[PDB]
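Values below: all heavy atoms of this structure, side chains included; hydrogens, waters and symmetry mates excluded. Throughout, a chain's letter reflects where its sequence line sits, starting with A, and its residues are numbered from 1.
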Amino acid sequence: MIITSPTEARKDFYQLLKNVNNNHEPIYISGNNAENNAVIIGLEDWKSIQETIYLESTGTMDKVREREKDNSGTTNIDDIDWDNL
Amino acid sequence: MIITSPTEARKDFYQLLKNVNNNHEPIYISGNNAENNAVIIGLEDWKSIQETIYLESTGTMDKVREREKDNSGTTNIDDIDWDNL
Amino acid sequence: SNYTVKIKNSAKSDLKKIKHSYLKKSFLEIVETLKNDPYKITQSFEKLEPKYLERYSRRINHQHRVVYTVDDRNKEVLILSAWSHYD
Amino acid sequence: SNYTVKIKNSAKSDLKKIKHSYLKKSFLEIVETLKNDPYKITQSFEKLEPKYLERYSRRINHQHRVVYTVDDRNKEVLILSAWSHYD
């Protein structure tokens, strides 16, 4: 956990933006009032999180997890008979 | 989508931290070097996201969604017979 | 009380694991809060995503949650999981 | 091909909806990239969380994804979903 104050984060802001993107680790901004505590995350890591939340919210990861552990077998994608549904 | 530059975000940093928590919407920091793009998110919303990813990956939310679907009935929590569970 | 707290009968197997884990007292503390105010900012109360579905969790400990929904109109809480595992 | 691309049989029902949406061409373009480099930064390629599980998605369109895992040692891609509705 990387934790810093609002004051120090603002002074070190440009390096912080570099750091969150090269370490792939969020930085916690924790100040006087937990009201305005925040987290800074690299855009790429945020897009992964956004995409994960979307596939969980639709139930897609639910179905993925079920199919992953089932015994239905596999089929090479080129062997799919599309005209038979 | 709320988008600001690294320099504008640094200048108005304290207000930006209030806004992400008051508005419950992330703020995107987008600059010239796209490799250092970042997102600011209020801590409560970050905690919601992290708690969701954890419960989803443990299969808990899969179990929850299936239980919402079943017709097993309900029991008032005070009517549980703990001694014979 | 202000809310009736129910548990899905299929979730009773969760309570068996809670009992064996000696988590009964932590769990029933969460139940008492759910009876009074299921939205109280205690017990690491979390609004799960997607938030428009209004599912919630509270911490029994650092591994296990009570996951629940709330019928505001009828003042009923529905516990759906008390053990954080796929079964 | 660099990779053999397979689909879980329980996922074939996704392809029926892909076909009937006229998304077959889009889906097959993802397949062609999966055969070559399932890690190419195209098609909105995303590493899903938790990243230690190593699942991935690509966009068929704004709504539907191909979700897949990759067996790096055996050079096989396993498609687990190609339809982002829960039935």
Side-chain angles (χ1 to χ4, degrees), chain A residues 1-4 9 15-30 37-85, chain D residues 1 3-20 22-25 27-28 30-35 38 41 44-51 53-60 62-69 71 76-87:
Chain A
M1 259 205 171
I2 318 193
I3 301 97
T4 183
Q15 187 60 39
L16 286 206
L17 296 176
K18 290 172 69 191
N19 284 351
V20 307
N21 278 295
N22 293 309
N23 315 331
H24 276 50
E25 279 317 291
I27 178 141
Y28 291 85
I29 315 302
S30 151
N37 290 356
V39 180
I40 294 175
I41 183 75
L43 174 62
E44 205 156 83
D45 295 346
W46 175 248
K47 284 171 74 193
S48 294
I49 286 146
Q50 267 184 332
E51 175 73 356
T52 299
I53 290 298
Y54 171 74
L55 298 172
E56 299 285 1
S57 291
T58 60
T60 299
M61 294 321 288
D62 187 333
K63 189 178 308 111
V64 166
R65 281 183 291 265
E66 171 175 41
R67 294 167 165 175
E68 230 173 21
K69 60 175 89 174
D70 72 32
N71 272 79
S72 65
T74 65
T75 295
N76 294 10
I77 192 64
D78 295 314
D79 295 338
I80 291 289
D81 176 14
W82 283 91
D83 285 339
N84 275 306
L85 174 147
Chain D
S1 308
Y3 292 79
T4 301
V5 175
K6 301 187 171 184
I7 184 167
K8 264 276 186 141
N9 286 331
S10 57
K12 291 179 168 186
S13 51
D14 291 359
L15 305 187
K16 187 190 180 18
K17 301 172 184 165
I18 285 305
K19 178 186 163 61
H20 289 346
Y22 204 54
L23 292 167
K24 168 171 167 177
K25 180 173 195 185
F27 172 77
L28 284 185
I30 295 170
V31 164
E32 287 308 296
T33 305
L34 294 177
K35 284 171 171 183
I41 293 98
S44 309
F45 166 68
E46 293 289 0
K47 305 179 166 174
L48 304 184
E49 293 290 345
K51 292 194 173 171
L53 294 185
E54 311 198 337
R55 307 203 190 90
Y56 312 100
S57 76
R58 289 165 186 270
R59 284 195 187 188
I60 306 168
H62 67 282
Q63 185 176 185
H64 297 292
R65 320 289 204 252
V66 175
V67 178
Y68 59 96
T69 50
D71 185 336
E76 291 194 32
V77 171
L78 181 64
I79 291 170
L80 298 164
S81 162
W83 190 254
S84 311
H85 284 163
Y86 203 82
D87 304 356

Query - Interchain contact, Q50(A) with chain D, by part (heavy-atom threshold 4.5 Å) - result: neither
Query - Test item: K6(D) and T75(A) side chains (from C-beta on) under 4.5 Å apart, heavy atoms - result: no
Report summary line: Rounded to the nearest 0.5 angstrom, the CG-CG distance for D78(A) and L28(D) is 8.5 Å
Query - Interatomic distance, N76(A) atom CG to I7(D) atom CD1 [nearest 0.5 angstrom] - result: 11.0 Å
Report summary line: Rounded to the nearest 0.5 angstrom, the CG-CG distance for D70(A) and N9(D) is 8.5 Å
Query - side chain to side chain contact (heavy atoms under 4.5 Å, CB included) evaluation trace for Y86(D) with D62(A) - result: CA-CA 9 Å; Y86(D) 203 82; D62(A) 187 333; 3.9 Å; yes
Report task. Determine, for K51(D) against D45(A), whether the closest basic-nitrogen to carboxylate-oxygen distance falls under 4.0 angstrom. Result -> yes
Query - Step-by-step side chain to side chain contact (heavy atoms under 4.5 Å, CB included) determination, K63(A) to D87(D) - result: CA-CA 9 Å; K63(A) 189 178 308 111; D87(D) 304 356; 3.1 Å; yes
Query raised in the report: Where on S10(D) is there a heavy atom nearer than 4.5 Å to chain A: the side chain, the backbone, both, or neither?
Result: both
Query raised in the report: Is any NZ, NE, NH1 or NH2 atom of the basic residue among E51(A) and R65(D) found under 4.0 Å from an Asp or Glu carboxylate oxygen of the other?
Result: yes
Requested in this report: Enter the distance from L80(D):CG to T60(A):OG1 here, rounded to the nearest 0.5 Å.
Outcome: 11.5 Å
Query raised in the report: Could you go step by step and tell me if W82(A) and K16(D) meet the side chain to side chain contact (heavy atoms under 4.5 Å, CB included) rule?
Result: CA-CA 8 Å; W82(A) 283 91; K16(D) 187 190 180 18; over 6 Å; no
**Report entry** Contact class of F27(D) relative to chain A, heavy atoms under 4.5 angstrom
**Finding:** side chain
Query raised in the report: Should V64(A) and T69(D) count as side-chain neighbours, where that means a heavy-atom distance under 4.5 Å?
Result: no
Query raised in the report: Has the side chain of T52(A) got a donor or acceptor atom that lies under 3.5 Å from a matching backbone atom of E49(D)?
Result: yes
**Report entry** Top of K12(D), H85(D), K24(D), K19(D) for chain A proximity - count of heavy-atom pairs under 4.5 angstrom
**Finding:** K24(D)
**Report entry** Residue part contacting chain A, namely of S13(D), when any heavy atom lies under 4.5 Å
**Finding:** side chain
Query raised in the report: In terms of heavy-atom proximity below 4.5 Å to chain A, should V5(D) be classed as side chain, backbone, both, or neither?
Result: both
Query raised in the report: Is any side-chain N of the basic residue among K8(D) and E68(A) closer than 4.0 Å to the acidic one's carboxylate O?
Result: no
Query - side chain to side chain contact (heavy atoms under 4.5 Å, CB included) between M61(A) and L48(D), worked out - result: CA-CA 10 Å; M61(A) 294 321 288; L48(D) 304 184; 4.1 Å; yes
Requested in this report: Name the region of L78(D), side chain, backbone, both or neither, that has any atom closer than 4.5 Å to a heavy atom of chain A.
Outcome: side chain
Query raised in the report: Is any side-chain heavy atom of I79(D) closer than 4.5 Å to a side-chain heavy atom of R67(A)?
Result: no
Query raised in the report: Roughly how far, to the nearest 0.5 Å, is NZ of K17(D) from CG of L85(A)?
Result: 11.0 Å
Query raised in the report: For the candidates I53(A), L55(A), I49(A), which exhibits the highest count of non-hydrogen atom pairs separated by less than 4.5 Å from chain D?
Result: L55(A)
